[PDB]
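In structure tokens, one chain follows: the form deposited without xanthosine-5'-monophosphate.
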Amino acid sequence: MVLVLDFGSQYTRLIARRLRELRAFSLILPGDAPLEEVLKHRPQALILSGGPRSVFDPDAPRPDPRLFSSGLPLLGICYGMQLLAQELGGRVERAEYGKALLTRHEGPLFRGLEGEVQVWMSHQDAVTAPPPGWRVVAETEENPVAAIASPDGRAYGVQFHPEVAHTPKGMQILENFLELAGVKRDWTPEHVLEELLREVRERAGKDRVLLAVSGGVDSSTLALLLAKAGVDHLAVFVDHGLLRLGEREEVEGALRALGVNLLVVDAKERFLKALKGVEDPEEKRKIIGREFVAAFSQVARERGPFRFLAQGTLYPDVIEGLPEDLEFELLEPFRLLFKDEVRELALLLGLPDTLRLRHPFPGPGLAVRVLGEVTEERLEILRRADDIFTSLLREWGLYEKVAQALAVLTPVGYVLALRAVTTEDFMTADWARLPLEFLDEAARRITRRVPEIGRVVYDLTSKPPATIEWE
């Protein structure tokens, strides 16, 4: 249990993610969390995140004064490091990041790092004087105080972000700190699984659990958890006719093979009819959502009763409407986990890599990948182009080397846009720098095998400022 004190950094969640990837359960709390509330979880260590505001800004979150006095090991990152200096007798003086090389990095905190240590430095403000007794353990060419450490090696501050990719050796730094903090590592995959099975069993007991399955690894792993736990359940797969080619069969075949009670609902006509004449994306998503709860509710009524409704709510969600007649008790086993941790559970639960390592697919499926009204003919064309794109990516082994890959159909008689992105911070996304020979092969095969498509293009837009999906 490591508490990440959130002082506003866009990377606060990422820090919480690195601690999980380092087998330390982590929880996030507001920076100005009262000492009692932060102590109630009995945390082994505290990590003070960076923040967009200055240590002088009146509207800047301050921790609980008594915080720095808990023998509790501490790691202040940027803003966090500054609060350390300021509230312990050091000197801080006067918002953007930038790459820099540490010209010096000594002590246990940098134990193991050799060669060049590039770090993602924060440039708002600076510690010019470490707290009395503390030592400067790192610096860059421009900043003589890049990192500080108390004489007993319990508290450390760094002027850079070891949690971001721009600090390639950051994970080693974070490791050193956990050891130095005496943080026990009780967040391993087998432990989580055993723990989750236990909880699902006690919670649901002899009662029945209802849940929606979309084919995504999250809901698929949730179904496998319930089935493995031996809890009575019904997994419902709503086939809105907006899926990729062969997806329904693939998902139903595998989940049944692994023993989940599955019900596939054919609602293709329902959704298509409901989408007729609709071009507005937000409208499409509202209608799709509406039609889904309606078909799902019908299942819940005919196959009821159901005491629990299980959902794949993840930790990022926690950090962030069924009909009247239906009333369930929420069962969210993954609410404290990150997706990759769920993907690991899937491996432990036996999900074949075919369904375990696929890219995310939106609830509205292909309806938001057709620019303009969704018709069956358009979906038919798009599905074939998409299927060809996906397949070529796999053949070259590029499918697993991008975070997302999709095709968008624009009526004009059709232009198809290939869209692939990669990501290093799980917030931004760059258009994928794919081999041009691959893009050429994709375009030729598509226009050749799908005569309706007369032109293929590749999206060169990143996130920001655009979205991954086109609508």
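So that the term is clear: the rigid core is the largest set of C-alpha atoms that superpose within 1.5 Å between two forms. The numbering used is simple: start at 1 and walk along the sequence shown.
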Item checked: Missing residues, deposited sequence, between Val412 and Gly413 (class: none, 1 to 3, 4 to 9, 10 or more) -> 10 or more
Margin query: How big is the unmodelled gap, if any, between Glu320 and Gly321 relative to the deposited sequence? Choose none, 1 to 3, 4 to 9, or 10 or more.
Written below: 10 or more
Next item on the list: Take the C-alpha B-factors listed in the entry for 81-89 and for 230-238, compute each mean, and give the stretch with the larger one.
Entry: 81-89
Checklist line | Mean Cα B-factor comparison, 345-353 or 276-284, giving the higher one as deposited | finding: 276-284
Item checked: From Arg448, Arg18, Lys463, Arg455, residue of greatest CA B-factor -> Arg448
Next item on the list: Report the option among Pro360, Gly205, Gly289, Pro144 whose CA atom has the maximum B-factor in the deposited record.
Entry: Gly205
Next item on the list: Compare the C-alpha B factor of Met1 with those of the other modelled residues in its chain, then answer lowest, middle or highest third.
Entry: highest
Next item on the list: Pull the Cα B-factor of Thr103 out of the PDB entry and bin it into the chain's lowest, middle or highest third.
Entry: middle
Note to self: Sorting by Cα B-factor within the chain, modelled residues only, which third would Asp218 end up in: lowest, middle or highest?
What the structure shows: lowest
Note to self: Using the temperature factors of the C-alpha atoms in this entry, rank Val119 within its chain: lowest, middle or highest third.
What the structure shows: lowest
Margin query: Please place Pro333 in the lowest, middle or highest third of its chain according to the CA B-factor in the PDB entry.
Written below: middle
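Just so you know, the form solved in complex with xanthosine-5'-monophosphate exists too; it's not on screen, but the next bit is about it.
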Note to self: For a quick test of understanding: in the bound PDB entry, does each of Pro360, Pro364 and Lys463 have a heavy atom within 4.5 Å of xanthosine-5'-monophosphate?
What the structure shows: yes
Check: Among the candidate residues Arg248, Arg285, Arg307, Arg384, which is the single one with a non-hydrogen atom no more than 4.5 Å from xanthosine-5'-monophosphate in the bound PDB entry?
Finding: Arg285
Notebook entry, point to check: Wondering, does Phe426 line up within 4.5 Å of xanthosine-5'-monophosphate in the bound PDB entry on heavy atoms?
Noted result: yes
Notebook entry, point to check: So in the bound PDB entry, does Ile468 come within 4.5 Å of xanthosine-5'-monophosphate, heavy atom to heavy atom?
Noted result: yes
Next item on the list: Answer with yes or no whether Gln404 is in contact with xanthosine-5'-monophosphate in the bound PDB entry, where contact means some heavy atom within 4.5 Å.
Entry: yes
Note to self: Rigid core aligned, does the Cα position of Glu441 differ by 2 Å or more between the shown form and the other one?
What the structure shows: no
Checklist line | Core-aligned C-alpha movement of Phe426 between the shown form and the other one, 2 Å or more | finding: yes
Check: Is the CA-CA spacing of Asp425 and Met81 tighter or wider in the bound PDB entry than here, given a 3 Å or more change?
Finding: farther
Note to self: Quick one: with a 3 Å or larger change, is the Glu424 to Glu341 CA distance smaller or larger in the bound PDB entry? Answer closer or farther.
What the structure shows: closer
